[PDB]
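Report on the structure given below.
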2 protein chains.
Amino acid sequence: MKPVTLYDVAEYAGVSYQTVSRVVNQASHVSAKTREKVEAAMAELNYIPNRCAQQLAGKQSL
Amino acid sequence: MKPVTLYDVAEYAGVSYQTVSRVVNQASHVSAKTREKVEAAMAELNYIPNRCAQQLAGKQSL
DNA sequence: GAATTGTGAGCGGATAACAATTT
DNA sequence: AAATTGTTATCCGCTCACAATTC
């Protein structure tokens, strides 16, 4: 898989796989650090949403 | 517009979603009778095969 | 035993729901 | 009960295998 996935972001930032989604949805059940951690990992990983599965799961963005 | 699915096709064709994909895939273990009735349903509802899904379920298909 | 066909697990990711724990 | 974080299954559309069916 050439494009990065939310799963890579979760693992990299060192959080649960729900945390990453949680941060993406800007949920209230998320601490500041955790939110910044996942958002940062998006840079290192060069996270580029999996348009294939993402559309299937909803949309090619959010 | 509204996205259609192999299920809408299956429902309108009165077949199983698998049957639809068997027709879409155009492989063996498929009778010509079902092929034409499923292909017909895709025209009705305007079914567009998700190449990203086909890639999700099919490893290195395209 | 194979063509037909249905049911389901799976891929791959995102979300909903839920559970342990602590407050 | 709710917050945090984690855990699990489901769901999306699609594909393949297997089981059951029928001949």
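The chains in the structure tokens are called A, B, ... from first to last as shown; in each chain the residues are counted from 1, and the ligands are counted from 1 in the order shown.
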
Extract the full set of alpha helix (DSSP H) residues from chain A according to DSSP on the backbone, and format it as a VMD selection string. chain A and resid 6 to 13 17 to 24 32 to 44 51 to 56

Please superimpose chain B upon chain A, fitting all C-alpha atoms matched one to one in order, and report the result as an mmCIF file with C-alpha atoms, in the first residue's frame.
```cif
data_model
loop_
_atom_site.group_PDB
_atom_site.id
_atom_site.type_symbol
_atom_site.label_atom_id
_atom_site.label_comp_id
_atom_site.auth_asym_id
_atom_site.auth_seq_id
_atom_site.Cartn_x
_atom_site.Cartn_y
_atom_site.Cartn_z
ATOM 1 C CA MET B 1 5.939 5.862 -2.593
ATOM 2 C CA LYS B 2 4.484 3.650 0.138
ATOM 3 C CA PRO B 3 0.926 4.163 1.400
ATOM 4 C CA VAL B 4 0.616 4.815 5.129
ATOM 5 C CA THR B 5 -2.366 3.951 7.282
ATOM 6 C CA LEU B 6 -4.147 5.116 10.395
ATOM 7 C CA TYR B 7 -2.503 2.083 11.996
ATOM 8 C CA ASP B 8 1.056 3.201 11.277
ATOM 9 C CA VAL B 9 0.036 6.465 12.785
ATOM 10 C CA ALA B 10 -1.478 4.719 15.791
ATOM 11 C CA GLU B 11 1.583 2.582 16.319
ATOM 12 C CA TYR B 12 4.004 5.504 16.074
ATOM 13 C CA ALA B 13 1.711 7.662 18.189
ATOM 14 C CA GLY B 14 1.272 4.845 20.650
ATOM 15 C CA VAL B 15 -2.470 5.049 20.401
ATOM 16 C CA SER B 16 -5.315 3.006 19.002
ATOM 17 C CA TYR B 17 -6.165 3.298 15.323
ATOM 18 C CA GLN B 18 -9.572 4.544 16.448
ATOM 19 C CA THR B 19 -7.759 7.293 18.376
ATOM 20 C CA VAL B 20 -6.023 8.338 15.203
ATOM 21 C CA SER B 21 -9.289 8.521 13.263
ATOM 22 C CA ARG B 22 -10.807 10.442 16.142
ATOM 23 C CA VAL B 23 -8.053 12.976 15.623
ATOM 24 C CA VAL B 24 -8.286 12.880 11.855
ATOM 25 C CA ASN B 25 -12.060 13.340 12.096
ATOM 26 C CA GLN B 26 -11.487 16.091 14.685
ATOM 27 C CA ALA B 27 -14.641 15.441 16.667
ATOM 28 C CA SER B 28 -15.643 15.205 20.323
ATOM 29 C CA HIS B 29 -14.542 12.595 22.882
ATOM 30 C CA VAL B 30 -10.977 13.485 21.979
ATOM 31 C CA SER B 31 -8.476 15.147 24.258
ATOM 32 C CA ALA B 32 -6.130 17.808 22.869
ATOM 33 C CA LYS B 33 -3.149 15.827 24.210
ATOM 34 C CA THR B 34 -3.821 12.851 21.950
ATOM 35 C CA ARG B 35 -4.781 15.111 19.012
ATOM 36 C CA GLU B 36 -1.342 16.683 18.805
ATOM 37 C CA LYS B 37 0.538 13.435 19.268
ATOM 38 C CA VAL B 38 -1.437 11.762 16.527
ATOM 39 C CA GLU B 39 -1.213 14.713 14.186
ATOM 40 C CA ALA B 40 2.517 14.574 14.811
ATOM 41 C CA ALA B 41 2.719 10.917 13.770
ATOM 42 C CA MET B 42 0.990 11.672 10.446
ATOM 43 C CA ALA B 43 3.758 14.115 9.636
ATOM 44 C CA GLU B 44 6.461 11.642 10.456
ATOM 45 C CA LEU B 45 5.267 8.709 8.466
ATOM 46 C CA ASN B 46 3.508 10.918 5.927
ATOM 47 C CA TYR B 47 0.007 9.552 6.495
ATOM 48 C CA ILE B 48 -2.408 10.176 3.641
ATOM 49 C CA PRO B 49 -6.125 9.684 4.546
ATOM 50 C CA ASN B 50 -7.906 7.441 2.066
ATOM 51 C CA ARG B 51 -10.936 9.467 0.890
ATOM 52 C CA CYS B 52 -12.253 6.311 -0.776
ATOM 53 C CA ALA B 53 -12.113 4.430 2.497
ATOM 54 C CA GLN B 54 -13.745 7.333 4.300
ATOM 55 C CA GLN B 55 -16.479 6.975 1.690
ATOM 56 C CA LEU B 56 -16.608 3.210 2.148
ATOM 57 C CA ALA B 57 -17.083 3.547 5.905
ATOM 58 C CA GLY B 58 -18.912 6.866 5.661
ATOM 59 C CA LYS B 59 -22.174 6.928 3.729
ATOM 60 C CA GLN B 60 -22.352 9.891 1.370
ATOM 61 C CA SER B 61 -19.603 11.762 3.206
ATOM 62 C CA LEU B 62 -18.172 13.267 0.047
#
```

Can you list every residue of chain C that has an atom at most 8 Å from chain A, with its nearest atom pair and the distance in Å to one decimal, using only C-alpha atoms (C1' of nucleotides), ordered by chain then number, as CSV?
```
residue,atom,partner,partner_atom,distance
C:12,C1',A:53,CA,5.8
C:13,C1',A:53,CA,5.3
C:14,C1',A:57,CA,5.7
C:15,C1',A:21,CA,7.8
```

Measure the distance from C1' of residue 3 (chain C) to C1' of residue 17 (chain D) in Å and round it to one decimal. 15.1 Å

Mind listing as number ranges by chain which residues of chain D are within 9 Å of chain B, counting only C-alpha atoms (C1' of nucleotides)? D: 12-15
